[PDB]
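Read through the structure below, which is laid out as structure tokens, and then see the notes.
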Amino acid sequence: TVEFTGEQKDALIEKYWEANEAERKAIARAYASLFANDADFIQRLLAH
């Protein structure tokens, strides 16, 4: 994978929560592979 800064992840997570239910499934699949070995992302998303 590629590394993202914290602010990069934030901006991405922002988009997920604004998405509707059906779209969240599309985005979460995307983010799931893209942040495989980032334990920070899950935490970062769940908080906000």
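Reminder that position 25 of the sequence shown reads as 41 in PDB author numbering, one-by-one numbering, no gaps. From the three backbone atoms N, C-alpha and C, an ideal C-beta is built for every residue, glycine too.
Going by C-alpha distance, which of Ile29, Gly22 and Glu23 is nearest residue 7?
Here the chain has residues from 17 to 64 only, and residue 7 is not among them.
How big is the Cα-Cα spacing for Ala35 and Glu19?
23 Å
First and last residue of the alpha helix (DSSP H) that includes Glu37?
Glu37 to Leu50
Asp54 by DSSP, collapsed to three states: which one?
coil
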